[PDB]
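> Please find one structure pasted underneath; my questions will follow.
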Amino acid sequence: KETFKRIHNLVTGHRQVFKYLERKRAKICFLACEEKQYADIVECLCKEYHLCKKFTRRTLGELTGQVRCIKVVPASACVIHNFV
RNA sequence: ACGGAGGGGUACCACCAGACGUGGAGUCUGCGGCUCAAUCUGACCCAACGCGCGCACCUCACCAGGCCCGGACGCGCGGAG
């Protein structure tokens, strides 16, 4: 919302969140969506291991650098690996 | 400007007197022609032809074949499901 832009200068996607949710390299989690099999996978993998849910799916597209400025794109993710 | 017009001068890239040569053979090299898929091109009296500073690959354009975008920057659409 404010300093997050500092961080981006984190990941988005199933293939890259799993690859950082496990092995305990992650940080914080923020769920979303369309299908349970993508809602109760991570959540159950959150059951083992931080686990949180942000109110909206779009602001992730906003907070993250998925825009160019105008065309925000939704994208659920839950891995703040960098967290520098 | 030219003159198989005249008069003055001048030079071993002109001559007198001589000397050393080339054109005769074998060979290095370049130039035309023939050949090939290609035998890459410029220059042709003085004022083109060991000259464009040594070509197995690059040099290298030419022939037979094959990799890559190494398409900046703006606008429109899509994109981390």
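Order determines the names: the first chain of the structure tokens is A, the second B, and so forth; residues in each chain are numbered 1 upward, and ligands are numbered 1 upward as they are shown.
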Compile the residues of chain B that lie within 12 Å of chain A, evaluated using only C-alpha atoms (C1' of nucleotides), and express the compilation as a PDB file with N, CA, C and O atoms (P, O5', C5', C4', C3', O3' and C1' of nucleotides), in the first residue's frame.


ATOM      1  P     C B  77      -7.064  -1.155 -25.793  1.00  0.00           P
ATOM      2  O5'   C B  77      -6.883  -2.691 -26.177  1.00  0.00           O
ATOM      3  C5'   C B  77      -7.932  -3.411 -26.809  1.00  0.00           C
ATOM      4  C4'   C B  77      -7.501  -4.806 -27.186  1.00  0.00           C
ATOM      5  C3'   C B  77      -7.079  -5.717 -26.041  1.00  0.00           C
ATOM      6  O3'   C B  77      -8.170  -6.315 -25.362  1.00  0.00           O
ATOM      7  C1'   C B  77      -5.466  -5.826 -27.754  1.00  0.00           C
ATOM      8  P     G B  78      -7.984  -6.861 -23.860  1.00  0.00           P
ATOM      9  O5'   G B  78      -6.866  -7.990 -23.986  1.00  0.00           O
ATOM     10  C5'   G B  78      -7.181  -9.277 -24.499  1.00  0.00           C
ATOM     11  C4'   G B  78      -6.021 -10.232 -24.356  1.00  0.00           C
ATOM     12  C3'   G B  78      -5.501 -10.441 -22.942  1.00  0.00           C
ATOM     13  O3'   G B  78      -6.266 -11.389 -22.218  1.00  0.00           O
ATOM     14  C1'   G B  78      -3.682 -10.085 -24.423  1.00  0.00           C
ATOM     15  P     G B  79      -6.216 -11.425 -20.612  1.00  0.00           P
ATOM     16  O5'   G B  79      -4.746 -11.943 -20.280  1.00  0.00           O
ATOM     17  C5'   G B  79      -4.325 -13.250 -20.643  1.00  0.00           C
ATOM     18  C4'   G B  79      -2.826 -13.384 -20.538  1.00  0.00           C
ATOM     19  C3'   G B  79      -2.242 -13.187 -19.147  1.00  0.00           C
ATOM     20  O3'   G B  79      -2.317 -14.350 -18.340  1.00  0.00           O
ATOM     21  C1'   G B  79      -1.038 -11.867 -20.681  1.00  0.00           C
ATOM     22  P     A B  80      -3.031 -14.291 -16.901  1.00  0.00           P
ATOM     23  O5'   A B  80      -2.095 -15.179 -15.967  1.00  0.00           O
ATOM     24  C5'   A B  80      -2.170 -15.067 -14.554  1.00  0.00           C
ATOM     25  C4'   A B  80      -0.881 -15.488 -13.893  1.00  0.00           C
ATOM     26  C3'   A B  80      -0.576 -14.832 -12.555  1.00  0.00           C
ATOM     27  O3'   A B  80      -1.175 -15.512 -11.467  1.00  0.00           O
ATOM     28  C1'   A B  80       1.346 -14.761 -13.961  1.00  0.00           C
ATOM     29  P     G B  81      -2.764 -15.751 -11.419  1.00  0.00           P
ATOM     30  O5'   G B  81      -3.008 -17.004 -12.377  1.00  0.00           O
ATOM     31  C5'   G B  81      -2.693 -18.325 -11.953  1.00  0.00           C
ATOM     32  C4'   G B  81      -3.479 -19.373 -12.707  1.00  0.00           C
ATOM     33  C3'   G B  81      -3.455 -19.263 -14.234  1.00  0.00           C
ATOM     34  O3'   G B  81      -3.432 -20.573 -14.801  1.00  0.00           O
ATOM     35  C1'   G B  81      -5.684 -19.208 -13.481  1.00  0.00           C
TER      36        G B  81
END

> Taking 4 positions as the minimum chain separation for residues in the same chain, which residues sit within 6 Å of residue 30 in chain A when counting only C-alpha atoms (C1' of nucleotides)? Answer as a list in words.

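What passes the distance filter is residues 52, 53, 54 and 78 of chain A.
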
> At what distance in Å, to one decimal, does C1' of residue 38 in chain B lie from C1' of residue 57 in chain B?

18.0 Å

> Write down as a PyMOL selection string the residues of chain A whose backbone DSSP state falls under helix (DSSP H, G or I).

chain A and resi 4-8+14-24+36-38+40-48+58-63

> In Å, how far is it from CA of residue 17 in chain A to CA of residue 60 in chain A?

13.7 Å

> For a test of reading the model, state the distance in Å between CA of residue 59 in chain A and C1' of residue 74 in chain B, rounded to one decimal.

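Separation between CA of residue 59 in chain A and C1' of residue 74 in chain B: 28.3 Å.
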